[PDB]
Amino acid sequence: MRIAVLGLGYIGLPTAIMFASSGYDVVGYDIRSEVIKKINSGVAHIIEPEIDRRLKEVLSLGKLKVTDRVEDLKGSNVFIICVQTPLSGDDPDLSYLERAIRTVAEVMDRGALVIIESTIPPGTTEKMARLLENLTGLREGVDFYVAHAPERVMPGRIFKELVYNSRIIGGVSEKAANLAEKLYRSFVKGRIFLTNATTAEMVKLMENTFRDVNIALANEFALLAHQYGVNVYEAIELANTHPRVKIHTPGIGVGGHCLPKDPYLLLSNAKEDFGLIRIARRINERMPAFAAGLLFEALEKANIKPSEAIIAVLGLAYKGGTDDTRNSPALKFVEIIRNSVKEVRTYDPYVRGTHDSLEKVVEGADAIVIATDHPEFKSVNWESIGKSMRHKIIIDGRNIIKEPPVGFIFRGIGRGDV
């Protein structure tokens, strides 16, 4: 059986590779000719454990082929769309999805199964099914089938979770869901639950909104910790030993391709809400500013003129271990303080900043701001680092610092114990 995967992003490529390694002849498609060239060389354009090893495997097996030509998709039995669905202002941007749907309409044949993996507002799958019908003259549930199979994989653990995570499949028609289930069973060992399209769409958004809201609650606990003389990270670890509690982690912010917008996708077409999801978003969105407040409070303590201060921001990626800066709170932080200080330096072991090394970025700096929890920052000799700084100041926004370095002015989000 032939499967076509449209959108070879950090979830689409792994998806194509996994199916190609599970018995299917797969054709990966992406409008970006640059991405196709790189993937053909056996090396992925994205960083994800095992992706290069697995990519070469399927390329050698002859089970996976990638292209940027729509024509190569003709003859596919299944079409899986994995394109991005970011916001367009305050509205969901479904242009990438519609483009992919129209491409499928061009080559689709009777009996085809179309699966939308992209995260979308409730009602989107059915609308796209109606679009396919209008462009082909065919009928969903009779001539072709459409289903929504949202992902749950965590970047950095994608191949493992693709197999072990339980997942949901919502069919526009029952047969669509049944056909899709058989497909994923080729590698999924977790449970597969079938429902309708709208329920699957809402469930996916609910998963991510639950996460975003819980991070917001954690950040409010961080604010409260300052006033009660508590180390919020310690309090959370302690609280989480309760059989029914699993408080998330507070910090400088929430980045990535999902949490910053999925809650908005969930509210997008709602004519009525309570506002809890909205305030949680505002809370997470304001943490870079929270960190800025700690920085200026520290600079004042050290009697340092802001207009002459040199700030070293450690980390640019939206989370530790990646080179991705999508919606990174570190970037927002830089944007906030750039016009309030004399110089803002940046360093990231995975992303090119103003300086290419930690030692260099802190040399002569007045303060350090830990914006990303990269592994490199967990074994730093702050004692040695401090000796090269003009002022020993550290503002931790990622729970990197545990016991504060000696002789350093230290501030941390939720660190009311210092």
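Residue indices: 1-based, along the sequence shown.
Chemist: On mean C-alpha B-factor from the PDB entry, just flag whether 65-73 or 369-377 is the higher one.
Modeler: The entry gives the higher C-alpha B-factor average to 65-73.
Chemist: Would you tell me which stretch averages the higher CA B-factor in the PDB entry, 356-364 or 30-38?
Modeler: If you average the C-alpha B-factors of 356-364 and of 30-38, the larger mean comes out for 30-38.
Chemist: Looking at 51, 58, 393, 385, which has the highest CA B-factor as recorded?
Modeler: Of the candidates given, the C-alpha B-factor peaks at 385.
Chemist: Among 321, 293, 190, 155, single out the one with the highest C-alpha B factor in the record, please.
Modeler: By C-alpha B-factor in the record, 321 ranks first.
Chemist: Tell me, lowest, middle or highest third: where does the Cα B factor of residue 2 rank within its chain?
Modeler: Residue 2: CA B-factor falls in the highest third of its chain.
Chemist: Per the entry's values, where does residue 8 land by CA temperature factor relative to the rest of its chain, in the lowest, middle or highest third?
Modeler: As the PDB entry reports it, the C-alpha B-factor of residue 8 lands in the middle third of its chain.
Chemist: Using only modelled residues of the chain, where does the Cα B factor of residue 211 rank: lowest third, middle third or highest third?
Modeler: Lowest third - that is where residue 211 ends up once the chain's C-alpha B-factors are sorted.
Chemist: Would you check the entry's CA temperature factor for residue 23 and let me know if it's in the chain's lowest, middle or highest third?
Modeler: According to the entry, residue 23 has a C-alpha B-factor in the chain's middle third.
Chemist: Among the modelled residues of this chain, does the Cα B factor of residue 102 put it in the lowest, middle or highest third?
Modeler: As the PDB entry reports it, the C-alpha B-factor of residue 102 lands in the middle third of its chain.
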